[PDB]
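**Student:** Supplied in structure tokens, the structure appears directly below.
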Amino acid sequence: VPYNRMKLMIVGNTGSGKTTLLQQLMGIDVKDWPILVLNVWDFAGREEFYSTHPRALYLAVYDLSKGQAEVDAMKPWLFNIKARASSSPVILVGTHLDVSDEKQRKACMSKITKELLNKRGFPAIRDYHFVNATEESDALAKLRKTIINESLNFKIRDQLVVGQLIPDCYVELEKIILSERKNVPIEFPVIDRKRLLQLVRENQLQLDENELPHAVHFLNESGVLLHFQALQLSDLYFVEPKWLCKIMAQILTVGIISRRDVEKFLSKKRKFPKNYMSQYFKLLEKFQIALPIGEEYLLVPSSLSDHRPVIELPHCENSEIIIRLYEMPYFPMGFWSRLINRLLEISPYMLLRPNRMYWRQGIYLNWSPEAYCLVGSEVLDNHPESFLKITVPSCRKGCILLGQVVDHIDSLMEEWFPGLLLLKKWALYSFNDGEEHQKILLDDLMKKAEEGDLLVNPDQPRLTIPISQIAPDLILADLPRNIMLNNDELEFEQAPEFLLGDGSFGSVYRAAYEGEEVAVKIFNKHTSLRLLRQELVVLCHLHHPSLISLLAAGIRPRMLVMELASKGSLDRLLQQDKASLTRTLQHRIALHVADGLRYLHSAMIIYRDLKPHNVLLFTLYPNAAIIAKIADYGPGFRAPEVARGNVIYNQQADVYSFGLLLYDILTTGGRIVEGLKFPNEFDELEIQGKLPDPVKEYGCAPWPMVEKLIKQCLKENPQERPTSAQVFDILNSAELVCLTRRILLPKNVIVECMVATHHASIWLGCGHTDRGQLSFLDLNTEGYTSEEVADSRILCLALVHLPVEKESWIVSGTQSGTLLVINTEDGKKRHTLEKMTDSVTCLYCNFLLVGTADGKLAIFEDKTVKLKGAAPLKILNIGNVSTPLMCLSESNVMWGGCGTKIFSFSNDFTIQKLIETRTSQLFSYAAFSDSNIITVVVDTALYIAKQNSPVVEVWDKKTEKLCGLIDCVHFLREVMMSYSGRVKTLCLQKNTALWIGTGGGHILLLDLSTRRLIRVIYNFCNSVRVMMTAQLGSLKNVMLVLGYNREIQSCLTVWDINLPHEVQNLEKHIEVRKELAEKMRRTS
């Protein structure tokens, strides 16, 4: 709809009377003026808003009776206007003509015809008038006509350039919001409820990701409400303009003042939340009201004395100091307060606190007679131009100070006062102490710097000056010793065959430095020096192992010598050699990139460009201290948020990009990268966020943990995405590396036993129902079936393998005592062996050993079990009706548990010893010692776990003695009723790793050679049921951990058997790099 509102800006210097002018025509006095409704903002006072947060007409007003001096005073205003809205209309009105002779009128008339109306650099003043007085005038009648017609003309001009007129149509929903924001009654008008207000007005502009940002954008430009977009009080805090302006302006007037006393007053004036108060102070900085000095003080630039304090400097002879001048036509408004804010952090030691003094127009730092610094404004007669003077003592520390000062000045101007980049830079020098200084432009000194000569007096050769004394910042004399270029080491040709690449900065060549391969950036005639120094500022102070460091810089040919990667870009590797890209290598690359991001984010630097092209590899050797680095720190791969082209980049944009990198690493084919070849789908795909399952879609081997990390990372909402610090913490995990698969079982399925086929599937029992039900899991497809095969509940399964006969059978022992034997090659071949006198408690198998609940052990001949109703070879009575057999272990002598005794068998099945273990109660606790044995692990000692024990007993089988106890509670006691500490199962690996499962979702990794805790693996599931060691169909060894996850959920987790080693190796890797980070940062 045809929006008919436009802002009116009234500006001028203090004393003009322009407020009354407005009243006759009809911080800041804001009010509507229906004529066309103008939103009039009367900047009667010094409301920095015109620079601190800069469809409007600029009415400039000045007092004619003051004259031409005032006209010149308006140049900074005109500059600022052009600098933010060069296309905007400007009407210049002089006033108080009734007390100003026409001499002044025509003097000022000629003044503006000579210096403003036809002068570039000013925003082409559209018209002008002279007014007798604010009482009314024919001139004002004409002015009213001028303003109306010209504002119409302006919008016509916008249509010619922008494409919008004074009835330009804007989405009506935005118009509605304006009205909704108008209707707001809040005591402390800081708004967050806006989300609700959207919901109050039905739900308009529902594209929160696009329309909402546009509405907000409009609302600031239209002068309705204020976002403050890195402040905390920014996005969710829309504040009424009247309060922003009023309160901050008043507090200024309510010069060093302690923060706390300001807080005291403020708390009485307006009871802001202390959180808001911290932001309040940050806003005072942002809006140039007050600058932070120490953490307890504010400078308050405005109102500082403007009578440069008497300063006596040490050093007097010309050669003792260095002087630099900046010639300007006028200082921009706010130039000084911004400059001061930057200069306050200067320090010659950053590679005692200084006696600081403030002039408003200058800063004096003292430090020491050895090194001090004075920056301030000075003006000479017959030279209308104003200008800066910088003075430092001529020595290395003085140089360092100078470098920091001029870098801040140039950066200030590039960001805030472009257009000037005027700024005639002069250096002062003399050929003899006691004489006057001579001026020279730095450009000419640069011409001489290229020669490398001494400055020579053209009339007298005897008089020369080393350039460094005049301009030690043209020659890079302020570099750290560590990066000064040694010209006897650097070896390069600048020949075509060494060209590695180029850019707007010049070119890059391959070279040698101190015997190493390096890259040399050359600033080959591209506004050099300034670009060079900008790069030097960024490169220094960033010293992380994952970044490309600077290996010395040198002004003689203007070079940056940097580390050259030996294996090249990740991109190439992804499309060059998947064999190098092992699972181990991939993980390490992810860590190194994550560190770089964490570091740069803590350094307040947004990378904005992660991709395989920017990742460099320095060795493909998986176990190296440093493998990947991020290039050039300081396309179709964009976050969907920033892809809109209407928001601001931040760490969350980088995180999103990182997630995509990880996705690209996961699928080593670079399949989404291949998608780039069809960019119309590729860029949109990323925008949609609808990425395909990396496993299913590309045929990529499963990698859980990472898979969910990517999903967690790539969220639509920036506020829901993980921080880069968190991303790293997640990547920092042995579990991440070694977890390979996780299969959930169907809801309410309880498996009490497992048999993996050593040849890729698992036979599962089922204790959920009370019926003999046998299930089956296909690891190749995660397929699952199940059928009832017996009456009573299946207790134990065993695999009979007869490779000689080319067949195999599953033996199912159950509660009834029967043995159901089923051919694995033929489901129809089912038969039952001689029924046992009691239930089957365990199976082992060659002989099929059947341990029953009455302590009886049946031994069946290897092949005999094929026949239905077959009897065992022999039967032993080991225990009794109350002492069931529960474990037959063997690692050709058998060992096992019967009640509280440990038995052992010969190859003739004879008892070789009955070890009563109950006697261990002299140690530990009798209710733990006196309990049925659950499992026996046979190594160089026996490891016994008993039912409901928290302690594992270690026995010396050679002497039958207790040799130690393992307290599981203790280990988890160190870890900060899920902590039952009950031992569930024991598994043993011959590399000394001992795997102990427990009641809660924890797995302890112990070191058999020292009996020490390697690591606690936890938050696995609700409870661990069984653990198996099994070789997969790809010959990999893994742990099969079956657990409960009560909603009776249960699941199978597959771990890479080398977990114990990965835990230790990863830890080492990280610590080494941690030390290197400190090494680098400390050198500086």
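Labels for the structure tokens follow display order: chains A, B, ..., residues from 1 in each chain, ligands from 1.
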Pick out the residues sitting within 6 Å of residue 884 (chain A), and hand them over as a list in words; count only C-alpha atoms, and ignore anything fewer than 3 positions along from it in its own chain.
**Tutor:**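 The neighbour list is residues 853, 854, 855 and 898 of chain A.
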**Student:** Those selected residues, please, written with N, CA and C atoms and delivered as an mmCIF file, in the first residue's frame.
**Tutor:**
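Done, and the output landed in part-v6.cif:
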data_model
loop_
_atom_site.group_PDB
_atom_site.id
_atom_site.type_symbol
_atom_site.label_atom_id
_atom_site.label_comp_id
_atom_site.auth_asym_id
_atom_site.auth_seq_id
_atom_site.Cartn_x
_atom_site.Cartn_y
_atom_site.Cartn_z
ATOM 1 N N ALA A 853 20.580 -76.376 36.609
ATOM 2 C CA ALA A 853 20.266 -75.743 37.880
ATOM 3 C C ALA A 853 20.508 -76.620 39.093
ATOM 4 N N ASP A 854 20.569 -77.924 38.911
ATOM 5 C CA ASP A 854 20.834 -78.805 40.032
ATOM 6 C C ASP A 854 22.325 -79.084 40.219
ATOM 7 N N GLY A 855 23.192 -78.305 39.569
ATOM 8 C CA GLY A 855 24.624 -78.480 39.744
ATOM 9 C C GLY A 855 25.187 -79.616 38.901
ATOM 10 N N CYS A 898 30.202 -72.694 40.591
ATOM 11 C CA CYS A 898 29.153 -73.513 41.161
ATOM 12 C C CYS A 898 28.863 -73.027 42.546
#
**Student:** Could you pull out the residues in region 905-1016 of chain A that DSSP calls strand (DSSP E or B) from the backbone, as a ChimeraX atom specification?
**Tutor:** /A:905,911,915-916,933-938,942-946,951-956,961-967,983-988,993-998,1002-1007,1012-1016
**Student:** For residue 831 (chain A), which of A:816, A:1079, A:706, A:811 is the closest residue, counting only C-alpha atoms?
**Tutor:**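 Selected residue with least distance to residue 831 (chain A): A:811.
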**Student:** Nearest to residue 438 (chain A) among A:535, A:284, A:323, A:379, with distances taken over only C-alpha atoms: which residue is it?
**Tutor:**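 Counting only C-alpha atoms, the residue closest to residue 438 (chain A) is A:323.
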**Student:** Find the nearest atom pair between each residue of region 78-171 of chain A and region 1-22 of chain A for residues within 6 Å, count only C-alpha atoms, give distances in Å to one decimal, sort rows by chain and ascending number, and present the table as CSV.
**Tutor:**
residue,atom,partner,partner_atom,distance
A:134,CA,A:21,CA,5.1
A:166,CA,A:4,CA,5.8
A:167,CA,A:2,CA,4.4
A:168,CA,A:2,CA,5.0
A:169,CA,A:2,CA,4.1
A:170,CA,A:1,CA,5.3
**Student:** May I ask for the distance between CA of residue 423 (chain A) and CA of residue 326 (chain A), given in Å to one decimal place?
**Tutor:**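 Rounded to one decimal, the two atoms are 5.7 Å apart.
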**Student:** Excluding region 480-491 of chain A and its own-chain neighbours fewer than 6 positions away, which residues fall within 10 Å of it when counting only C-alpha atoms? Please give them as JSON, numbers by chain.
**Tutor:** {"A": [351, 400, 510, 511, 512, 513, 514, 515, 516, 518, 520, 540, 550, 551, 552, 553, 554, 555, 556, 559, 560, 561, 1083, 1084]}
**Student:** Pick out the residues sitting within 12 Å of residue 1048 (chain A), and hand them over as a short mmCIF file (atom, residue, chain, number, x, y, z; two decimals) with N, CA and C atoms, in the first residue's frame; count only C-alpha atoms, and ignore anything fewer than 5 positions along from it in its own chain.
**Tutor:**
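Contents of around_5.cif, as written:
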data_model
loop_
_atom_site.label_atom_id
_atom_site.label_comp_id
_atom_site.auth_asym_id
_atom_site.auth_seq_id
_atom_site.Cartn_x
_atom_site.Cartn_y
_atom_site.Cartn_z
N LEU A 744 18.45 -50.20 17.59
CA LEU A 744 17.39 -50.29 18.57
C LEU A 744 16.54 -51.50 18.28
N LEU A 745 16.08 -52.15 19.33
CA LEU A 745 15.20 -53.29 19.15
C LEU A 745 13.77 -52.80 19.24
N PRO A 746 12.80 -53.54 18.72
CA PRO A 746 11.38 -53.24 18.74
C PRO A 746 10.93 -53.03 20.17
N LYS A 747 10.00 -52.12 20.36
CA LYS A 747 9.52 -51.78 21.69
C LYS A 747 8.97 -52.99 22.43
N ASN A 748 9.35 -53.10 23.70
CA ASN A 748 8.95 -54.19 24.57
C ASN A 748 9.50 -55.53 24.13
N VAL A 749 10.75 -55.53 23.72
CA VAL A 749 11.45 -56.77 23.41
C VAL A 749 12.62 -56.90 24.34
N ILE A 750 12.64 -58.00 25.07
CA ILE A 750 13.69 -58.25 26.04
C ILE A 750 14.45 -59.48 25.69
N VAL A 751 15.72 -59.29 25.39
CA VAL A 751 16.62 -60.36 25.01
C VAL A 751 17.53 -60.72 26.17
N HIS A 768 11.19 -61.46 27.40
CA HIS A 768 10.02 -60.61 27.56
C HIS A 768 8.77 -61.41 27.85
N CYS A 1021 23.04 -46.55 28.36
CA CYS A 1021 21.64 -46.91 28.34
C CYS A 1021 21.22 -47.02 29.79
N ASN A 1022 20.07 -47.62 30.07
CA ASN A 1022 19.65 -47.75 31.45
C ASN A 1022 20.49 -48.79 32.21
N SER A 1023 20.67 -49.99 31.63
CA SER A 1023 21.40 -51.05 32.33
C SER A 1023 22.06 -52.04 31.39
N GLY A 1043 21.91 -53.97 26.05
CA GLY A 1043 21.43 -53.43 27.31
C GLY A 1043 19.96 -53.09 27.33
#
**Student:** Considering only C-alpha atoms, state which residue in the set A:322, A:63, A:477, A:501 is at the smallest distance from residue 426 (chain A).
**Tutor:** A:322
**Student:** For residue 757 (chain A), please output as an NGL selection string all residues within 9 Å (counting only C-alpha atoms; exclusion window: fewer than 3 positions along the same chain).
**Tutor:** :A and (760-763 or 799 or 1030-1032)
**Student:** Based on the selection just made, write N, CA, C and O atoms of those residues as an mmCIF file, in the first residue's frame.
**Tutor:**
data_model
loop_
_atom_site.group_PDB
_atom_site.id
_atom_site.type_symbol
_atom_site.label_atom_id
_atom_site.label_comp_id
_atom_site.auth_asym_id
_atom_site.auth_seq_id
_atom_site.Cartn_x
_atom_site.Cartn_y
_atom_site.Cartn_z
ATOM 1 N N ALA A 760 26.687 -62.252 8.778
ATOM 2 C CA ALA A 760 26.837 -61.218 9.807
ATOM 3 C C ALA A 760 25.511 -60.992 10.529
ATOM 4 O O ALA A 760 24.809 -60.013 10.280
ATOM 5 N N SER A 761 25.173 -61.927 11.407
ATOM 6 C CA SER A 761 23.908 -61.889 12.114
ATOM 7 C C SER A 761 24.007 -62.469 13.514
ATOM 8 O O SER A 761 24.968 -63.165 13.846
ATOM 9 N N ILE A 762 23.012 -62.153 14.335
ATOM 10 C CA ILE A 762 22.991 -62.561 15.728
ATOM 11 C C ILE A 762 21.698 -63.238 16.146
ATOM 12 O O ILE A 762 20.608 -62.724 15.902
ATOM 13 N N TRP A 763 21.809 -64.384 16.792
ATOM 14 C CA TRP A 763 20.639 -65.054 17.328
ATOM 15 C C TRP A 763 20.315 -64.481 18.683
ATOM 16 O O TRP A 763 21.190 -64.353 19.535
ATOM 17 N N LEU A 799 26.149 -72.102 19.806
ATOM 18 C CA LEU A 799 26.362 -72.465 18.416
ATOM 19 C C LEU A 799 27.230 -73.685 18.247
ATOM 20 O O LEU A 799 28.394 -73.689 18.642
ATOM 21 N N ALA A 1030 33.186 -60.324 19.498
ATOM 22 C CA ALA A 1030 32.895 -61.043 18.280
ATOM 23 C C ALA A 1030 33.560 -60.434 17.084
ATOM 24 O O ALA A 1030 33.760 -59.225 17.002
ATOM 25 N N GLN A 1031 33.895 -61.286 16.142
ATOM 26 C CA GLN A 1031 34.493 -60.833 14.918
ATOM 27 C C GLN A 1031 33.399 -60.682 13.891
ATOM 28 O O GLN A 1031 32.567 -61.572 13.735
ATOM 29 N N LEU A 1032 33.383 -59.549 13.213
ATOM 30 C CA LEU A 1032 32.370 -59.269 12.216
ATOM 31 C C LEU A 1032 32.651 -59.956 10.911
ATOM 32 O O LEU A 1032 33.685 -60.595 10.727
#
**Student:** Calculate how many Å separate CA of residue 900 (chain A) from CA of residue 917 (chain A), rounding to one decimal.
**Tutor:** 5.9 Å
**Student:** A:369, A:683, A:654, A:703: which is nearest residue 666 (chain A), counting only C-alpha atoms?
**Tutor:**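 Closest to residue 666 (chain A), using only C-alpha atoms: A:703.
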**Student:** Quick one: of A:588, A:277, A:77, A:647, who's nearest to residue 624 (chain A), counting only C-alpha atoms?
**Tutor:**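 The answer is A:588, which sits nearest to residue 624 (chain A).
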**Student:** With distances taken over only C-alpha atoms, which residue among A:861, A:473, A:632, A:664 lies nearest residue 611 (chain A)?
**Tutor:**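 Looking only at the distances to residue 611 (chain A), the closest residue turns out to be A:664.
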**Student:** Work out how far CA of residue 563 (chain A) is from CA of residue 545 (chain A), in Å to one decimal.
**Tutor:**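 Separating CA of residue 545 (chain A) from CA of residue 563 (chain A) is a distance of 11.9 Å.
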**Student:** Give me, as JSON, numbers by chain, the residues of region 504-560 of chain A that a backbone DSSP run labels helix (DSSP H, G or I).
**Tutor:** {"A": [530, 531, 532, 533, 534, 535, 536, 537, 538, 539]}
**Student:** Next, the residues of the selection above should be written as a PDB file, in the first residue's frame with C-alpha atoms.
**Tutor:**
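Contents of the output file result.pdb:
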ATOM      1  CA  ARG A 530      48.680   0.009   3.849  1.00  0.00           C
ATOM      2  CA  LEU A 531      47.530  -3.414   2.791  1.00  0.00           C
ATOM      3  CA  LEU A 532      50.749  -4.872   4.056  1.00  0.00           C
ATOM      4  CA  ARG A 533      50.424  -3.360   7.476  1.00  0.00           C
ATOM      5  CA  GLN A 534      46.794  -4.398   7.764  1.00  0.00           C
ATOM      6  CA  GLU A 535      47.804  -7.981   7.187  1.00  0.00           C
ATOM      7  CA  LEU A 536      50.608  -7.686   9.713  1.00  0.00           C
ATOM      8  CA  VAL A 537      48.226  -6.467  12.367  1.00  0.00           C
ATOM      9  CA  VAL A 538      45.911  -9.401  11.837  1.00  0.00           C
ATOM     10  CA  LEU A 539      48.592 -12.076  11.612  1.00  0.00           C
TER      11      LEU A 539
END
**Student:** As a list in words, please: the residues near residue 583 (chain A) (cut-off 12 Å, only C-alpha atoms, same-chain neighbours under 2 positions excluded).
**Tutor:**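 Skipping anything fewer than 2 positions along the chain leaves residues 578, 579, 580, 581, 585, 586, 587, 588, 589, 590, 622, 665, 666, 667, 668, 700, 701, 702, 703, 706, 736, 737, 738, 739, 740 and 1056 of chain A.
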**Student:** Kindly export the residues of the current selection with C-alpha atoms, as a compact mmCIF listing (two decimals), in the first residue's frame.
**Tutor:**
# COMPACT_ATOMS: atom_id res chain seq x y z
CA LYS A 578 39.79 -42.09 -0.43
CA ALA A 579 42.30 -44.71 0.70
CA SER A 580 44.12 -42.01 2.65
CA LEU A 581 40.83 -40.89 4.16
CA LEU A 585 42.29 -39.54 9.74
CA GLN A 586 38.83 -38.11 9.27
CA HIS A 587 38.30 -37.69 12.96
CA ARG A 588 41.59 -35.93 13.50
CA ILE A 589 40.86 -33.48 10.70
CA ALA A 590 37.56 -32.61 12.33
CA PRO A 622 47.06 -40.31 11.09
CA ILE A 665 33.96 -35.22 5.47
CA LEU A 666 31.52 -37.95 6.44
CA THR A 667 30.72 -38.65 2.84
CA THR A 668 34.23 -38.92 1.44
CA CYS A 700 28.34 -44.46 3.61
CA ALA A 701 29.34 -46.76 6.46
CA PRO A 702 27.46 -45.80 9.69
CA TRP A 703 29.01 -43.36 12.07
CA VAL A 706 28.77 -37.82 14.22
CA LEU A 736 32.82 -40.63 19.28
CA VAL A 737 35.61 -42.38 17.50
CA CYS A 738 34.99 -45.96 18.56
CA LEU A 739 31.24 -46.26 18.60
CA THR A 740 30.40 -47.83 15.30
CA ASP A 1056 35.35 -50.96 18.09
**Student:** For residue 1016 (chain A), list every protein, DNA or RNA residue within 9 Å, evaluated using only C-alpha atoms, and leave out those in the same chain fewer than 4 positions away; present the list as a PyMOL selection string.
**Tutor:** chain A and resi 971-972+975+1002-1005
**Student:** Only N, CA, C and O atoms, please: the residues just picked out, written as an mmCIF file, in the first residue's frame.
**Tutor:**
data_model
loop_
_atom_site.group_PDB
_atom_site.id
_atom_site.type_symbol
_atom_site.label_atom_id
_atom_site.label_comp_id
_atom_site.auth_asym_id
_atom_site.auth_seq_id
_atom_site.Cartn_x
_atom_site.Cartn_y
_atom_site.Cartn_z
ATOM 1 N N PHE A 971 35.409 -46.641 41.862
ATOM 2 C CA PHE A 971 35.670 -45.960 40.613
ATOM 3 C C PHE A 971 34.565 -44.979 40.267
ATOM 4 O O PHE A 971 34.834 -43.861 39.831
ATOM 5 N N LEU A 972 33.322 -45.362 40.509
ATOM 6 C CA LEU A 972 32.235 -44.452 40.206
ATOM 7 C C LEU A 972 31.979 -43.484 41.342
ATOM 8 O O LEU A 972 31.245 -42.519 41.179
ATOM 9 N N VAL A 975 33.825 -40.605 40.206
ATOM 10 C CA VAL A 975 32.988 -39.917 39.236
ATOM 11 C C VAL A 975 31.848 -39.183 39.939
ATOM 12 O O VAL A 975 31.155 -39.745 40.783
ATOM 13 N N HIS A 1002 27.068 -47.911 32.626
ATOM 14 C CA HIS A 1002 28.488 -47.622 32.691
ATOM 15 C C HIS A 1002 29.302 -48.837 32.318
ATOM 16 O O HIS A 1002 28.939 -49.960 32.642
ATOM 17 N N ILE A 1003 30.417 -48.613 31.663
ATOM 18 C CA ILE A 1003 31.347 -49.673 31.354
ATOM 19 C C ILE A 1003 32.704 -49.229 31.820
ATOM 20 O O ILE A 1003 33.183 -48.170 31.431
ATOM 21 N N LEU A 1004 33.334 -50.007 32.668
ATOM 22 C CA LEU A 1004 34.618 -49.587 33.164
ATOM 23 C C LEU A 1004 35.710 -50.226 32.347
ATOM 24 O O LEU A 1004 35.662 -51.418 32.058
ATOM 25 N N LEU A 1005 36.711 -49.455 31.988
ATOM 26 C CA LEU A 1005 37.841 -50.021 31.292
ATOM 27 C C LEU A 1005 39.000 -50.070 32.238
ATOM 28 O O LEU A 1005 39.478 -49.022 32.663
#
